[PDB]
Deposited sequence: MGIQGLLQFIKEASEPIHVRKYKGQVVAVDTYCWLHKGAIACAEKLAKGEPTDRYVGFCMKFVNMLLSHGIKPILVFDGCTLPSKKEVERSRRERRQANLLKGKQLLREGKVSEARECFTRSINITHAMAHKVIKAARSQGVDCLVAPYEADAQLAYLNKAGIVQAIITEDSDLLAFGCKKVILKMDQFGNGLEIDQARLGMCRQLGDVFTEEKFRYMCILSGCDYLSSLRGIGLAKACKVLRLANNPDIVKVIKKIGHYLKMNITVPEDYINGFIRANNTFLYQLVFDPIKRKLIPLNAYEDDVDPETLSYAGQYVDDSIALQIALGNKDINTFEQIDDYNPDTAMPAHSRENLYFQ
């Protein structure tokens, strides 16, 4: 996510209860629940010892939403995004490192720290996610496996008007241009909501409350697709966008040092990386549940060439995309591991 974004725009936030959305549809970034539930059994997950606790943990929240008359759509991550491979590598390295370290501390004698290491080695696999999918489907809850990041999928579901709000712990969804996002929701329904249109309640943002400029700010501050320049965070990026009054962003990015009264040399590849990051936020592939078709998050504008956007996710056949979305197709082996059919009585 965008580090400290929630704190930066805290004025646009509002404490709520999910009963606000009774008789409505809400999409869920299920990974958060999955992780929080996986914490309660980190050791057994690390050792490979069998446990299905995260399932019950997620189903608690699901049953809560269902109890408050909410129609929940559980969304899951799919294939790895090429423009996110660095962060994936780092995360993986941290995971195996902390795993081995914990395994060592188990032999040393210190379990209190070994457990804490096992917490950092949490690896949420597609199998666990599929268990959760099984449970949710047994409780009549619609599930959707994103072709890539669940973030973009949720953003699409919200923009398309399929869902009214998004439940997540990740502030990336705001950069994607979600309308309504519910952060920090507990097991009872208490949560914090940020509306896009209410970003203007943040005086600190200045005139950076439009989707495009807000996105630019989030990218410049540092995201999962492009690391920020050293010494650059939300405040300075927002300052850059505030002080500058130019339509073309590239020139401003080239004058970032000028706008911040600093000596900031911008590498040539950083501009290209910014273009790539922007295009990743705008055009990352998602799955249209209605038309059952792979589409970019936003329709391609005239100023972009879709053939250069491989990093935003590659296209596959719509039937394969469908089988992935249903969770029937294994992400890694591309083999069919289930036979769920929505026609045999979200997908029309």
* To do: Provide the list of deposited-sequence positions lacking C-alpha coordinates, grouped into contiguous ranges.
  => 1, 347-354, 358
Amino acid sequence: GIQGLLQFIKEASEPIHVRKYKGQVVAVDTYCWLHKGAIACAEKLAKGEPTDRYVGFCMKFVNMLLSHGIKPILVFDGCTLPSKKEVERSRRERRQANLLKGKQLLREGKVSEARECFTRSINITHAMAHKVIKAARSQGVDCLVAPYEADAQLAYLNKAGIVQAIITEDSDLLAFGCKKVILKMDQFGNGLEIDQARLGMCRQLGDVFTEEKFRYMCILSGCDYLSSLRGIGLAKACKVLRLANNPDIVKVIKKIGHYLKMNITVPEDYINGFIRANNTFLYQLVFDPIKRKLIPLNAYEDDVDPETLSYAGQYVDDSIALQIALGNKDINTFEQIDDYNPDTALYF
From here on, numbers count along this sequence of modelled residues.
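Between two forms, the rigid core is the largest collection of C-alphas that superpose within 1.5 Å.
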* Stretch with greater C-alpha deviation in 6 other deposited structures of this protein, 69-77 versus 105-113 (rigid core superposition) -> 105-113
* **Greater Cα displacement in 6 other deposited structures of this protein once the core is superposed, comparing 196-204 with 78-86** => 78-86
* Structure fact -> When mean C-alpha B-factors in the record are compared for 174-182 and 119-127, the larger belongs to 119-127
* Asked: Out of 235-243 and 157-165, which stretch has the higher average CA B-factor listed in the record?
  -> 235-243
* Of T51, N279, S310, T30, which one's C-alpha B factor is largest in the deposited record? -> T51
* Structure fact -> Reading the B-factor column for Cα atoms of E88, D224, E149, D195, the highest value belongs to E88
* According to the PDB entry, is the CA B factor of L294 in the bottom, middle or top third of its chain, that is, lowest, middle or highest? -> middle
* Asked: Can you tell me which third, lowest, middle or highest, the CA B-factor of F274 falls into for its chain?
  -> middle
* Asked: Hey, what third does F188 fall into on Cα B-factor, ranked over its chain?
  -> middle
* Asked: Where does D77 sit by CA temperature factor within its chain: lowest, middle or highest third?
  -> lowest
* Rank-wise, by C-alpha B-factor, drop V250 into the lowest, middle or highest third of its chain. => highest
